[PDB]
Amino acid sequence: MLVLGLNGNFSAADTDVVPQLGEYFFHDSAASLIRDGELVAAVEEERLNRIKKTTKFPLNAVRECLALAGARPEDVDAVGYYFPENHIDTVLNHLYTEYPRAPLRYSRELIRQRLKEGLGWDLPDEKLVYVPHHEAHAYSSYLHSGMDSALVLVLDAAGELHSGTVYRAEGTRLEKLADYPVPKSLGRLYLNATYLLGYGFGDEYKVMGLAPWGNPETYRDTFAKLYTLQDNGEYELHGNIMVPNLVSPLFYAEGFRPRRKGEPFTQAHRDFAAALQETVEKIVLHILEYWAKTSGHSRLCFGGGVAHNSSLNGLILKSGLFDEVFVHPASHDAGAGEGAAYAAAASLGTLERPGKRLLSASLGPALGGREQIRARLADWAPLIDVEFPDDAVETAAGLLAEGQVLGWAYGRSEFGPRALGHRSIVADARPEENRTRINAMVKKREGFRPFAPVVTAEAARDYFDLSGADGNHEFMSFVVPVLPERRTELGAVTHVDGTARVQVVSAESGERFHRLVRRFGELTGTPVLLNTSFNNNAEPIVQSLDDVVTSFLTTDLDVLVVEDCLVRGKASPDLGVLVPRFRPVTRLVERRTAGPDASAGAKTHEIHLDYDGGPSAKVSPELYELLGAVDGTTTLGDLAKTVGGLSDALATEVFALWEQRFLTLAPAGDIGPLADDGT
């Protein structure tokens, strides 16, 4: 029983179905593959087209999943899509009325066209199954829990009918107990508020990170005017007719000032985050207190995008409402993509389910075999120095004990937003200094952002308070207090309220990463490391060896450990050997605007990425002339010859474009097809 689960919109690599298609129109595209009831492969398209939370059709994700499964497209028994057909087609139809030049192609025709043109795959109509959105979420969260029965709660921003749903799950059977309508979305509430802080879609985790720095008393009475808790676990959100934002009109009327780009976070801003987080917590605990008592159940699965609020999950864990709580690594729409595969199989006979609780999210493409990796690392010679230690974990453990910050790339990439030791950046977890050192310098993000610890299963309870229930910690789903007697010891991974988004690694969840942290513990007396995602501020988590090396070379990391090779950056790297390549969304433009006196203004030049929210950057006339000749094969050095050579000024200008990922820059050729490692 081999079933593809699909989520996201339908745009091609280089264009969107409607020009500048909204980034909120079916985001976090992904593909999942199940076989005989198990999740055999899953990867978000963002890892492959390098567009954070992309909406584009997950064609690459499908190709990669089929390769990991050793399947042809025609081997696939069914395809599940994470919304009902009439709902997606109604939304598409609405986009088409707003863009009258777009041809009338609805989801079924588009899915078949993308697979046909992309994979030579001729999908028969009977193999495509469309699925209720909250059902998809519920299957994904509950079926990987290892539980045989559970209360299931789903809370997200937009199901077709509901923003919230409560189920009773038993075996492979879901029974809806309650629902909440779309305008009551707590995910929409959170996003609406997030905009008042100078942030936008995808920044919710930043707002959650900020909230402990604020006082929830300041705006508590203001938020009280936006919701009311009611009997039987009901609530209302109080809308308005003025703007599509629940929160902005009232806060404007009380003098709140939305944060501007590049501005600092005032105490008003910090307190707003704190009150927003406490609001969503109170409503969800209101829901769960009622449905715990009413259903009688002791086990909870929590899905939907809202279940990436690990602070909320920590409060659910400590509430004492449940004995067990499970949360999936990909609880946002990529998880509904997986769930849709299971719902498609259920629609076509009895449902085969996973045999055990999910412990590892290592499910995307691997980096490649040792032969092809070495070969490719050699293409990078003009830029890096490679060692081959005897025990790369031992060497890495010592280097971390020495105080270095490591890139750590091994095996199959993580499904969902957290890095868990397959595409990670790791450092010593004890010195506070590592916080501003990694935030400001190497990862280039805001300072209030705390860092997440990874600890061995054996030492977990010597450092963290996991009480209140038995939650799953392999995926950093839960924020838990750090025990007071360990707070100062864990100076880098302890938030202001003494809490931490802990990963608990085991020989089961990740043998190599468990070995690393254990071995570090023996060397140091503290088996806890800092673990943050391996990417800079302009890209999602790195996927390929090339992505890994590129990201190493464009951040200030000390050493990179990638499949037992120890990589360092040469003294002066020769950028001239790299071959520049446009991304599918790269645009290069010379512009003239209207001058005063109604002349043609003077030429300016820019590069940008053509998707909604895509970045943009000025380029010098000289780099514009160089980039216009990019052919995909000639090296940067050789292209620069046409403008007098790759001078230090040009190389610096190119490097800064590289850091923002406007172009692909890598040695000639590729690493070739990913080899059969025999697993």
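We number the residues from 1 along the sequence you see.
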So which stretch wins on mean C-alpha B-factor, 266 to 274 or 441 to 449? 441 to 449
On average, are the C-alpha B-factors higher in 99 to 107 or in 392 to 400? 392 to 400
Candidate set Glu590, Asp547, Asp333, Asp574 [ranked by C-alpha B-factor, highest]: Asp574
Which one of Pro181, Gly468, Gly595, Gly304 shows the top CA temperature factor in the record? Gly468
Please rank the C-alpha B-factors of the chain's modelled residues and tell me whether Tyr290 sits in the lowest, middle or highest third. middle
Compare the C-alpha B factor of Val528 with those of the other modelled residues in its chain, then answer lowest, middle or highest third. highest
Among all modelled residues of this chain, ranked by Cα B factor, put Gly569 in the bottom, middle or top third, i.e. lowest, middle or highest. highest
Ranking every modelled residue in this chain by its Cα temperature factor as given in the entry, which third contains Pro540? lowest
Can you tell me whether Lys176 has a C-alpha B-factor in the lowest, middle or highest third compared with the other modelled residues of the same chain? lowest
